[PDB]
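Below you'll find only one chain, the form deposited in one PDB entry, shown as structure tokens.
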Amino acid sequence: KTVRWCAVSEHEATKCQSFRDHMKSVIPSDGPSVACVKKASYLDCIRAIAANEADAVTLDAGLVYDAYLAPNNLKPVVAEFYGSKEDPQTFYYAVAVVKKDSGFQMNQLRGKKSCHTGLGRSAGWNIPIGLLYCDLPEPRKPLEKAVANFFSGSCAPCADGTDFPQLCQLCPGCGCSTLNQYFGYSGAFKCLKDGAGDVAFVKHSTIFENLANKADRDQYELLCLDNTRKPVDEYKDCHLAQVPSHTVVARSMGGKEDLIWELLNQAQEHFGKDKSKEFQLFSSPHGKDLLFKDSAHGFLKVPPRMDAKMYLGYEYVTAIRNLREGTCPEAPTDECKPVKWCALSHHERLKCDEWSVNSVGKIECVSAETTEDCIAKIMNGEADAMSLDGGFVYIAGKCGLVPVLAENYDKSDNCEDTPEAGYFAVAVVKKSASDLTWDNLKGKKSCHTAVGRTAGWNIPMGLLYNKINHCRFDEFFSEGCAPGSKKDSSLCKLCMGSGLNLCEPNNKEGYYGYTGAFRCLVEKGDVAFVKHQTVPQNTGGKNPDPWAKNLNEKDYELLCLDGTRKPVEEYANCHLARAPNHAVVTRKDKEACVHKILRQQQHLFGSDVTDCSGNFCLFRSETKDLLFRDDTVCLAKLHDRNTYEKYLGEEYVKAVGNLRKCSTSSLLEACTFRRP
């Protein structure tokens, strides 16, 4: 079909007509076409697409947020990168360069000297002041005046010093051009180097452009949003905001996003960077930056799950909203706003609601459709916390959330203190054939508690993905039983069960669970994937069943990842990976509050005296493990500022990640697109 692009000037409108003409040529008779709808401005192109009069346009961050707001409600469908297919550089980072050991944190700039790249610029002002908005003295309008009282002097190019002198103190006159060496990225940075100002709100690339030698940067460092500093080389881990450089948008519903991609893509390949000589898609013969930015290297599809909020990022959004809405809480103090939990089900909403009233307002509830939606919500700001299993802890991590409290299941006189890292997913094989290794495990017979399990599938299959390469996880083992397959695979054809319960993920199956898989080994099975607590539990006659009558633990041996072999005695050093417990996650900030609020709450309705029924019990569920596993003794503190990686272990993260190449999830790729 034909895509109606939208230009905002006659020049840009001409270039669109060449794009239409040049396509009807190098594009098959039935390929992506491109019509041209010119308008007066960006906001008009936006509204036109909203009205289905236009199909798409390319906008900067600012206007991207503008296209999201109703009634427009548009979303990002295609981005432009400025590097290689390895180093896309689709975004840029608004940072705040400072001096080593300066002595201050973002949350305490009050009474400082700042260097902005120029008033009204994004990285240099909108974003920095947007963030510091409520930290300014009332009235907050005019804006220039308020920022003056905050920053005890500074350099704000293009700002009217005549009415508010404080902003041109470091650079009198506030020269809005190069005539002023403290104007711009380079200039604002020079305003810090020269020692004039304390902080230089600039871009991530700024310091690397005004300083070649590395030993030079060391004296400089970034200011992070969680009141911390870090090396200017680590901006991706410490930036005031992440903003998309240039984005193609379309109606969120019926915006023809796929068709827009089929055009842009099939176009960057015909007339893309240096591609053709007949037409330079990213070049403007008449003027600069038309339809696409001149410096664009190509296009990149945006994951469909992505929407403007998630795309711009929490920092960005919060900053621009302050700027445009201007709304701050009356009584600050930071008494920790109620924690918004996320229910992903009716019964979960109910249990959460009961929890709410019994929290005296400390806890609030939010309802999202899916575990992934909640996660998006905890990123957005719409939700604050929630518990997730290892698989989703990983996904929340890649999305920027963090683990704060891990659900503990064992009991002691100090459950909250000592954290639990979970059991171990080991690989057991009959020591009858001493020649089997993690490597020659291919083409043999396996045993899986059930496809989709942590210990009997995810971990092993994920750690073994390298050999498999392709997503044909069954075509790796000659046979074996893994309940849950297509009921006829190489792994399902070795499972008993009736004509219906044949190879099924339930008790009605024989080789199901941690016991069934061990059985599968005692029979038609070379390798069996289970947990450390399965061997000395299904042997010694501890199982009065026919097969496990009294098998011997000593006759089985554990396989280690490095390649060697070891007994079930010291599995600790011969396990595939460690399966974690569920853990509550939250946005980086809010961490202290969640950590705090969830403690008191745990003392009031936790695993206290068996006084439920007549009182609310936070770890008991109407139906089954609702907001929390019903076997959660307490919410242990992760002590160290555990991050999804430090909390899952390297083995675990590797497993899940590989496995995610076959079992995609909309949320995960969207977050990855923003941070690979």
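When you see a residue number, it is the position in the sequence shown, counting from 1.
Missing here is the form deposited in another entry; even so, the following discussion is about that form.
Under a division of the chain into two rigid parts between this form and the one not shown, the C-alpha atoms of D226 and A156 are best fitted by the same superposition and thus share a part. Compared with the form shown here, the C-alpha atoms of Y652 and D439 sit at least 3 Å farther apart in that other deposited form. CA of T564 to CA of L648: farther apart by 3 Å or more in that other deposited form than in the shown form.
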